[PDB]
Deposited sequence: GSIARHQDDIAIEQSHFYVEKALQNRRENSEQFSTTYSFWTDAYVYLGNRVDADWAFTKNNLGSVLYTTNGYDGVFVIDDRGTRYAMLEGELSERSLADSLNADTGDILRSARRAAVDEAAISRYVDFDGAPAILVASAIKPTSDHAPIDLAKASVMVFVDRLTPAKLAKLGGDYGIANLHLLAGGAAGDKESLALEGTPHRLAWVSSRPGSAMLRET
């Protein structure tokens, strides 16, 4: 019983699908993160003292995470701070704390707590001045193992930097035209970052 402008309904659907594009992507990464962190061998080789031979040289948590999966940043963090860093597929001594506006200890605690329900955490971050999706899950062995103390559990962090091409492809996956970072056009703020995502206010859907 309520009619709407063609240009307006376009704008409303287009916001819904950009937001869905971010939520679906973020939620798939969460499950990816638990797949790598709820892993007995990971707990063995990264839970205390990280083995960069097993992780990077033997490619159990290595460059493929960037070259295939798109995680610009892969980290292992504990109470001391960043224990493993792989930035664009290459090993780094750079900390997560320097790479992000978010706090290492907040992400550590949030991830340790949701591991009790077998869940990961996620949020948006500023990563080297660009928008990014962050997921993290506690490094935990599987149920056959003895009960560990999650309070000292190390946490795995995957950072997905929303570069121009990835954003471009992301919009196409959801019927959005010219999804980009904002330097007439729709936009939304990425909460937790200084960045806004923008696109042309049109009818989302097929090319047709």
item: Gaps in the model, given as deposited-sequence positions counted from residue 1; value: 1, 185 to 189, 215 to 218
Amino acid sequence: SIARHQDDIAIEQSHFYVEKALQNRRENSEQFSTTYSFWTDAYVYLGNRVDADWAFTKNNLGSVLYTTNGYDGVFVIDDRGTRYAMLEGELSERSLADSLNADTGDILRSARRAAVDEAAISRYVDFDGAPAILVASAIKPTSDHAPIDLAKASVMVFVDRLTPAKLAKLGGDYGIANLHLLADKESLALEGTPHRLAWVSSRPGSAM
From here on, numbers count along this sequence of modelled residues.
| property | result |
| --- | --- |
| Of 79 to 87 and 120 to 128, the stretch whose C-alpha atoms average the higher B-factor in the entry | 79 to 87 |
| Residue stretch of maximal mean CA temperature factor, 132 to 140 vs 105 to 113 | 105 to 113 |
| Largest Cα B-factor, entry values, listed residues 22, 9, 198, 190 | 9 |
| Largest Cα B-factor, entry values, listed residues 181, 170, 50, 159 | 50 |
| CA B-factor placement of residue 37, once the chain's modelled residues are sorted into thirds | middle |
| Third of the chain's Cα B-factor distribution that residue 176 belongs to, per the entry | middle |
| Assigned third (lowest, middle, highest) for the C-alpha B factor of residue 26 | lowest |
| Residue 69 - Cα temperature factor, lowest/middle/highest third of chain | lowest |
| Chain-relative CA temperature factor third for residue 61 | middle |
